[PDB]
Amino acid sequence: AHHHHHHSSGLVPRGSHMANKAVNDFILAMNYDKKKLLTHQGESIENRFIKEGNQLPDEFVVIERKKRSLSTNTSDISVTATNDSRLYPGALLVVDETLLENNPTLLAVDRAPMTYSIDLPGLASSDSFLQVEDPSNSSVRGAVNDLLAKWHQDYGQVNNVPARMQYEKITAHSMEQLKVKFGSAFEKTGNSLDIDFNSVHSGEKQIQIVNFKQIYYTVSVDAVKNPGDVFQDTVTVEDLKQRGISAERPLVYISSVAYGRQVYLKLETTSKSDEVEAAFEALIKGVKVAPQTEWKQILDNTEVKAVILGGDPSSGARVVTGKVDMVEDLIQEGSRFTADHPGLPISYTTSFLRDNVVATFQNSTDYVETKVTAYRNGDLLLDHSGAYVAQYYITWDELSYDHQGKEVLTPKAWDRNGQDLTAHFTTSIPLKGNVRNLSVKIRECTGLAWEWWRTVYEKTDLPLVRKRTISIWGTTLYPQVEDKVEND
């Protein structure tokens, strides 16, 4: 360069071709590391935890805690807001922590005409294109909403234009963990979902979270040939610097926006079973099998909360609640796309303005995975109705855990051991879930001088069933025993 294409003033006139050229040269001369700019990491924690047991009202839980790491690399960004005027196709966003935190900084400057393509089953190749003179949230939304009307009446009457369903499920352990899985924008929906994390950590409940995305249509932007093509000539280099744009804080443009319906489902249960994964997964498909008790027990102690974005009327977020029957219809609500369904942004993708390279975000965190094993409390019932004097010898161990996680077995005994008991005698011995090595011996006095005692019942390591009833009866010479187990 030199004199030509330059004013004699040495200045670059606002609203001229030279200004747009200076801007174009300014963006192209930017040097930055793509990956470092879009990298964020959450909590970092040590990897040594203790084994612990806690006594619940009706259960003894053994809790194992282990460090796990979550890492995701994706170019798609989930939307959890509805009144967001920043998230329109073609919008220029600033690359900083606000972008990673899913609270973007919008570069609102005089914009040049931009062309948009929209994918729809009925729209012909030629009719899909769309030109907006001054791309803003109102402008692009108008042109899209206008085009939907023409398509709906023309072709959109064929009903089976099914939404694209997408499933994302994950076990909940921490907020940081969920942000990595669902994006940093999840914290808004996570606050309305009421995720109880302490109870998961204490082994009280197990929580699973499900995504549901149904995409009606997506609006796209063609590749930007020159970085300056996006601005009007009124936009000047000193204007971009005034707004803090540089190689350290470069520019990105929303290249695609997904429009449709989105549901966030939360399933927390007090069940400690390890078929919880199978119960929730079977539930989502609505295929409740015919057994009466095996899965219904956990489900009836499972209660559900949901958050709905999109669907019928354009009003933003709907929080719904119930148990299980309604889950099947939530998926069914947005199955069909109508013009009655406006559809709203649920996901968008960004590309760097300088070279149209799609921006990928690297997110990671350490989280404490919680594993739980429960042991139900039980009862030991004794009934003596025999024609003799009987003696009981009932012993067991109580499992406890050390400060360093060692197993501790504390010997226990019925306080009535060895005592002469006579009919009719009954008692109930409450046994907590941490009871191990339960042994029950029963002897009876025969009254015979040469063999005073007769063993009547002797068992070791008796399983801790819900209700066990040992009943003895009969006579000195012919004692009778019954061991009845009630478990369900």
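Quick note: we count residues from 1 along the sequence shown, nothing fancier.
If you average the CA temperature factors over each stretch, which comes out higher, 67 to 75 or 335 to 343?
Of 335 to 343 and 67 to 75, the stretch with the higher C-alpha B-factor average is 335 to 343.
Got a sec? Mean C-alpha B-factor, which is higher, 155 to 163 or 190 to 198?
In the deposited entry, the stretch with the higher C-alpha B-factor mean is 155 to 163.
Between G228, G183, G122, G260, let me know which has the highest C-alpha B-factor in the entry?
That would be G122, according to the entry.
Out of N377, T218, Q208, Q292, residue topping the C-alpha B-factor column of the entry:
Each of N377, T218, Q208, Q292 was compared by C-alpha B-factor; the highest is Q292.
Within this chain, which third does the Cα B-factor at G42 fall in: lowest, middle or highest?
Highest third of the chain for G42's C-alpha B-factor.
Select lowest, middle or highest to describe the third in which the CA B-factor of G316 falls within its chain in this entry.
For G316, the deposited C-alpha B-factor lands in the highest third.
Thinking about Cα B factors across the chain, which third does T105 belong to?
For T105, whose C-alpha B-factor we compare with every modelled residue in the chain, the answer is the lowest third.
Relative to the other modelled residues of the same chain, rank the CA B-factor of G286 and answer lowest, middle or highest third.
For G286, the deposited C-alpha B-factor lands in the highest third.
Relative to the other modelled residues in the chain, which third contains the C-alpha temperature factor of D420: lowest, middle or highest?
Within its chain, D420 is a lowest-third residue by C-alpha B-factor, going by the deposited values.
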